[PDB]
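Participant: I have a structure I would like to understand better, so I am pasting it below and will then ask my questions one at a time.
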Amino acid sequence: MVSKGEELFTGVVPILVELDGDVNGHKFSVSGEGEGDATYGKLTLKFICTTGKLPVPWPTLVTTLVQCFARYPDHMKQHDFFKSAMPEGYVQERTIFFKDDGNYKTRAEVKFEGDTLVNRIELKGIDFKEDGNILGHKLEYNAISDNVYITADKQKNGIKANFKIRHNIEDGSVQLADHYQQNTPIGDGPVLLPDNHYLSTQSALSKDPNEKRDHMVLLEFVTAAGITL
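Residue numbering for the sequence shown is 0 to 64, 68 to 231, as defined by the deposited numbering.
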């Protein structure tokens with residue numbers, strides 16, 4: 000038997016992303032468009048900073064800027083919280099701690115508007131160092147790849163996740179970003195609460211050679227794993 004939300008991801012689905020941010024009083028907005036194909040766990044997106052120059056490095060915003071596009075293997079389909087919450091959607095909140103520097107706090111709503119999957123985000127960043135790796139733009143425009151560790155939060159009818167991203171710094175060192183995540187459903191309907199597992203995620207960053215606005219092109223693959231059969 001196929002689930003309710005799962006049917007909405009059987010083809011290629013268009014994606015819109017909108018972010019409003021404020022980091023140490025530098026206000027900025029990002030808009031993104033692309034497509035997701037959950038059969039393959041594949042996302043292709045382009046993001047543009049609509050207010051001018053982005054005041055933080057693009058790689059720092061990747062995790063914030068739609069885990070419902072994860073490929074869940076057939077034997078793990080009963081563990082896909084993200085699709086089960088659709089089309090009504092879910093709230094995704096994070097705190098992201100940059101080691102020896104500031105933190106981002108994010109809140110997003112992820113839901114369908116008609117045929118389009120929308121991710122609407124507010125981001126607040128505080129306590130960043132003006133000469134640090136973030137505000138000082140010392141991070142490599144480099145891929146990021148890691149595992150998102152998911153567990154159920156039966157108390158909230160949702161999930162929690164934790165993971166670390168290691169951003170490469172221009173001098174060969176690493177800037178750690180510790181992520182803490184909570185997702186909760188927006189609707190009242192039932193959702194699937196998973197056993198422990200993870201999402202193996204890889205994001206490749208590139209540029210559009212014809213684009214003069216400050217932008218990021220992204221190709222991403224996301225696959226669920228860690229349960230055995």
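Don't be surprised by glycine CBs; every beta carbon is placed ideally from N, CA and C.
Expressed to the nearest angstrom, what Euclidean distance is found between the alpha-carbon atoms of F99 and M88?
Facilitator: 29 Å
Participant: In angstroms with no decimal places, state the Cα-to-Cα distance between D82 and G228.
Facilitator: 13 Å
Participant: Report the rounded CA-to-CA distance for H169 versus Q69, giving the unit in angstroms.
Facilitator: 20 Å
Participant: Which value, in whole angstroms, describes the spacing of the CA atoms of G10 and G116?
Facilitator: 15 Å
Participant: Give me the Cβ distance between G91 and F114, rounded to the nearest whole Å; I'm assuming they're in contact under 8 Å.
Facilitator: 7 Å
Participant: According to DSSP, is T59 part of a helix, a strand, or is it coil?
Facilitator: helix
Participant: CB-CB under 6 Å to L119, same chain, minus the five flanking residues each way: which ones, in chain order?
Facilitator: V12 and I14
Participant: Mind checking which residues open and close the beta strand (DSSP E) that includes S86?
Facilitator: Residue range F83 to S86 is occupied by the alpha helix (DSSP H) that includes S86, with no beta strand (DSSP E) assigned at that position.
Participant: Suppose the cutoff is 7 Å on Cβ atoms and the five residues either side in sequence are ignored; what does the same chain contact list for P54 look like?
Facilitator: These residues qualify, in order along the chain: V22, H25 and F27.
Participant: Round the Cβ separation of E222 and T203 to the nearest angstrom and send it over; I've been treating them as touching at under 8 Å.
Facilitator: 7 Å
Participant: What three-state label does DSSP hand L194 in the structure shown?
Facilitator: coil
Participant: Count the other C-beta atoms from every protein chain shown that fall within 10 angstroms of the C-beta of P192, then say buried if there are 16 or more, exposed otherwise.
Facilitator: exposed
Participant: Excluding the five sequence neighbours on either side, which residues of its own chain have a C-beta within less than 8 Å of the C-beta of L7, listed in chain order?
Facilitator: Cβ neighbours of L7 within its own chain (closer than 8 Å, five residues either side excluded): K85, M88, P89 and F114.
Participant: Between which residues of its own chain and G4 is the CB-CB distance below 6 Å, once the five residues before and five after are set aside?
Facilitator: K85, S86 and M88
Participant: Grouping DSSP H, G and I as helix and E and B as strand, with all else coil, what is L220?
Facilitator: strand
Participant: Does the beta-carbon distance from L207 to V150 come in below 8 Å?
Facilitator: no
Participant: Rounded to the nearest angstrom, what separates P58 and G160 at their Cα positions?
Facilitator: Using only the alpha carbons, I get a separation of about 27 Å.
Participant: One question on the structure: do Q80 and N185 come within less than 8 Å of each other, judged by their Cβ atoms?
Facilitator: no
Participant: Going by DSSP, what residues sit across from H25 in a beta bridge?
Facilitator: Residue pairing from DSSP places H25 in a beta bridge opposite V22.
Participant: Among all the DSSP beta bridges, which residues are the ones paired with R73?
Facilitator: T225
Participant: Alpha carbon to alpha carbon, how far is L60 from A226? Give it in angstroms, no decimals.
Facilitator: 22 Å
Participant: Start and end of the beta strand (DSSP E) containing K113?
Facilitator: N105 to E115
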